[PDB]
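The structure under discussion appears below in the form of structure tokens.
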Amino acid sequence: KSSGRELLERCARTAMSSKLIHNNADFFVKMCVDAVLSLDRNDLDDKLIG
Amino acid sequence: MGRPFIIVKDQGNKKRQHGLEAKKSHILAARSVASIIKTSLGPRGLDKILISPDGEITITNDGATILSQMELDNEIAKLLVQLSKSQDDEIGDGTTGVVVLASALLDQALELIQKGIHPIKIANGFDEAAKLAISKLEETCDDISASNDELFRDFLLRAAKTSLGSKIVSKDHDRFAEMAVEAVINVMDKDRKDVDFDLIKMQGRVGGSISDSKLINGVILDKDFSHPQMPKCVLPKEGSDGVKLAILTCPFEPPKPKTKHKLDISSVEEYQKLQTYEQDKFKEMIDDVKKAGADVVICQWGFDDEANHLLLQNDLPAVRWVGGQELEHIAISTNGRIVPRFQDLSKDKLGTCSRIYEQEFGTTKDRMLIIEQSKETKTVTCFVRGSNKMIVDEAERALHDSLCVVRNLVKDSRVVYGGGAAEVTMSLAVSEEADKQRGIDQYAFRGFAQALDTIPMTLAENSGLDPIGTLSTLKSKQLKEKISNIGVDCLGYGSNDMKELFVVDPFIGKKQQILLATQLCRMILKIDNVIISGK
Ligand SMILES: Nc1ncnc2c1ncn2[C@@H]1O[C@H](COP(=O)(O)OP(=O)(O)O)[C@@H](O)[C@H]1O
Ligand SMILES: [Mg+2]
């Protein structure tokens, strides 16, 4: 019974590894996590996040 | 397995670079690029001749233009070309200091790679050390926004005189610093101020001397009047000092639809009716201007031979073949609106100009239009002269960089003292934190602190001073005394204080020097396999 917002944050920081974001992941993860929440949970699109 | 071995197409032109020798080649290559502009850093810096394949030559010391329009091969130095372009676009100043600082981070990291430390672990310490340097300089950064507009005007002069000392414009910094500051003041809001650089225009002219350059508020047009015999100067009569300038996108031409059309005329009767038709159009076009009281009319397409003299009898000057972009910049300074059609012409859309005269240059045949405003207007225009075509173009980039420093103080009033004072202040802050934490990251912190010391040692080397005696003197006054104003003096004054020398630099310009240099070298250390295809 945890929070749904913190669930997407820990999973997003994993993909940030091996990239240039690993050091800056503090600021950058807070972006993409808020990007998926704007989209509808039923319909997720990769063209809108362009 | 047979002799032919093929996986990736074109294996002959594609070469693979790998190993410890790969890091040694790309780091030492980036140093040769900074070594060229190393002597160009500071007011003692020297220019660089750039030859284009078409034969045009350009002489500039700005690292953004030097790296631009230059033939390169290695991809590491091409990243430095985009590095100076990143510093030039947003900030507009400091393109030379970033490339020198970026190569200094690689030279200090090259010795750390041979010690057995992973390249990313070297780059991970640079990001943590860069945050401690910015936080230290921000604490000692003075805020000039607490003063009034009187002291704020002199604060913009301190920032302009510093950037103009490294160019050919450095002959007189006092006279040309007003041209950069006063051009910005006209577009400033006086509250929550934004620069809006689009309103500022720069038009160069090749001839005369650079001392003849003066700030003129208005629009510069190179298009001569439609008829030669109209008076060169236009002055208002009695009251209403505005000249009622009219800007129309539709010239004087026989009315026709844009689509393809065909007009069928029957014998003599309809042939004579259309004759009077157009003869009444010229009389209708001239009465609209006289009804609204307009004087000068400008348009994209040239007037007809019958429309040229029709405006002369009514004492109505006109200019033809004006570009579309030039039409828009005129209506802003005149507080007018461009009239789309002859039926919409009204006195509310007419412009206002204090004086307009026809400029002539030497024995060459040209006519330059000069619009002037007796009061503060929305736009400004830079008028630059020079004895050489390249000096004019160099004075453009020198004045452009000065306008980029002034606009940095408009958004962020926080400024720092440059000339070796800011680099040493941020360098000693990292060295103090390296001995406290110890660990395996103490070597990455010392390499970042020694890389920041390359900038003040470069300014002292180009000025003739001893880099050993200069660097040791700065660390003595910075550690003992909390005043960070002590920095490298390239001109040789008896005092090392940067505050008494009126040397002021924007904080957003110096902050991006470490940010752009640290983020670039982190990717360079992450590059192992290098595949270069021959062209
Ligand atoms: N008169 C001066 N006194 C002290 N330092 C100066 C002076 N003029 C320039 N500098 C220093 O030289 C450095 C380089 O400035 P400049 O060559 O004008 O542009 P860029 O930063 O693009 O190279 C700046 O960081 C500045 O601190
Ligand atoms: Mg500069």
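All of this is worked out from the model, or read from it or from the source named; no laboratory instrument gave them. Quick reminder, even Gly has a Cβ in these numbers, built from the backbone with ideal geometry, and neighbours come from all protein chains shown.
Just give me the residues in the range A:10-25 being within 14 Å of another protein chain (Cβ to nearest Cβ) and touching a helix residue (DSSP H, G or I) at 6+ places or on another chain (Cβ under 7 Å), in sequence order. Across the range A:10-25, the qualifying residues are A:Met16, A:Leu20, A:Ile21, A:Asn23, A:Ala25.
Select, from B:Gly116, B:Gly92, the only residue that is on the phi > 0 side of the Ramachandran plot and touching a residue at least 24 places away in the same chain (Cβ under 8 Å). Spell out the reasoning first.
On the way: B:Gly116 fails: touching a residue at least 24 places away in the same chain (Cβ under 8 Å).
Exactly one residue qualifies, and that residue is B:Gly92.
Would it be correct to say that B:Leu491 is within 14 Å of chain A (Cβ to nearest Cβ), surrounded by fewer than 24 Cβ atoms within 10 Å (Cβ to Cβ), in contact (Cβ under 8 Å) with a residue 12 or more places away in the chain and on the phi < 0 side of the Ramachandran plot? Spelling it out, it is not the case that B:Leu491 is within 14 Å of chain A (Cβ to nearest Cβ), surrounded by fewer than 24 Cβ atoms within 10 Å (Cβ to Cβ), in contact (Cβ under 8 Å) with a residue 12 or more places away in the chain and on the phi < 0 side of the Ramachandran plot. So for the range B:501-508 (the condition being of a type in the set (D, E, K, R), crowded, with 22+ Cβ neighbours inside 10 Å and within 26 Å of B:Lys78 (Cα to Cα)), does at least one residue qualify? No; the residues of the range B:501-508 include none that is of a type in the set (D, E, K, R), crowded, with 22+ Cβ neighbours inside 10 Å and within 26 Å of B:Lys78 (Cα to Cα).
From the list B:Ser32, B:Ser84, the lone residue that is more than 16 Å from ligand 2 (Cβ to nearest atom), of a type in the set (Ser, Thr, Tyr) and assigned to a helix (DSSP H, G or I) is B:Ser32.
Does the range B:107-120 include one or more residues that are basic (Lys, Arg), within 14 Å of another protein chain (Cβ to nearest Cβ), closer than 23 Å to B:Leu525 by Cβ and more than 16 Å from ligand 2 (Cβ to nearest atom)?
So the first thing to find is which residues in the range B:107-120 are basic (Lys, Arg), and the list is B:115.
Okay, now just the ones that are also within 14 Å of another protein chain (Cβ to nearest Cβ), so none.
There is no residue in the range B:107-120 that is basic (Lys, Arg), within 14 Å of another protein chain (Cβ to nearest Cβ), closer than 23 Å to B:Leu525 by Cβ and more than 16 Å from ligand 2 (Cβ to nearest atom).
Scanning the range B:430-445 for residues that are part of a helix (DSSP H, G or I) and either over 20 Å from B:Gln519 (Cβ atoms) or not assigned by CATH to the domain that holds B:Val99 (or both) returns B:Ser431, B:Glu432, B:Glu433, B:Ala434, B:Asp435, B:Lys436, B:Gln437, B:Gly439, B:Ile440, B:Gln442, B:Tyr443. Taking the condition crowded, with 17+ Cβ neighbours inside 10 Å, within 23 Å of B:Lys161 (Cα to Cα) and not charged (D, E, K, R), does B:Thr65 pass? Yes, satisfied.
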